[PDB]
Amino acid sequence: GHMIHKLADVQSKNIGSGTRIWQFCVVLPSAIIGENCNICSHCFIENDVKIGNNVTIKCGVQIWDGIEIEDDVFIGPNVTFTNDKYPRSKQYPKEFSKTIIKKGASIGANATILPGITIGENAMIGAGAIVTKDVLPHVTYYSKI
């Protein structure tokens, strides 16, 4: 079985064994979430979303349509994803940009990921980074101060 907090709104049935979804989360019906994930408080997870096994999503994260998270990924608190490069209110793209966070990668707290980004297997993104280009597998990337 899986644990959905009474104070979460989880509409998806596609949730693996051992997954925990905490207070004040929203998960829309088509989201797929694997086994032994931890979806911490105050997250939003849209429809066209795939999340693998053993994924940690810390508080305050939104996973939009077009985002895939592979197995063993860590997403730090308040990490921000995007799916529209030139957003204008009520101008809906024909297709959302796809982001994929590959197996074992980690995204530091409060990082911002631009649309269409690939972060490679076991990469490490520094806290507060802005990721405007793909990050190669096993690379440590941060936005220098």
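Residues carry their position along the shown sequence, with the first being 1.
Student: Of the two stretches 45-53 and 87-95, which shows the higher Cα B-factor on average in the entry?
Tutor: Looking at the recorded C-alpha B-factors, 87-95 comes out higher on average.
Student: Once you work out the mean C-alpha B-factor for both 1-9 and 134-142 from the entry, which is higher?
Tutor: Mean B over CA atoms: larger for 1-9.
Student: Among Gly116, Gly120, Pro77, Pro29, which carries the highest Cα B-factor?
Tutor: When the deposited C-alpha B-factors of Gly116, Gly120, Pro77, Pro29 are compared, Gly116 is largest.
Student: Highest CA temperature factor in the entry: which of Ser106, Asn110, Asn36, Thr82?
Tutor: The listed residue with the largest C-alpha B-factor is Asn36.
Student: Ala127's Cα B-factor: lowest, middle or highest third of the chain?
Tutor: Within its chain, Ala127 is a middle-third residue by C-alpha B-factor, going by the deposited values.
Student: Can you work out whether the C-alpha temperature factor of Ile100 puts it in the lowest, middle or highest third of the chain?
Tutor: Middle third of the chain for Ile100's C-alpha B-factor.
Student: Could you place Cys40 in the lowest, middle or highest third of its chain by Cα temperature factor, using the values in the record?
Tutor: Its C-alpha B-factor belongs to the lowest third of this chain's values.
Student: Would you check the entry's CA temperature factor for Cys59 and let me know if it's in the chain's lowest, middle or highest third?
Tutor: Lowest third of the chain for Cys59's C-alpha B-factor.
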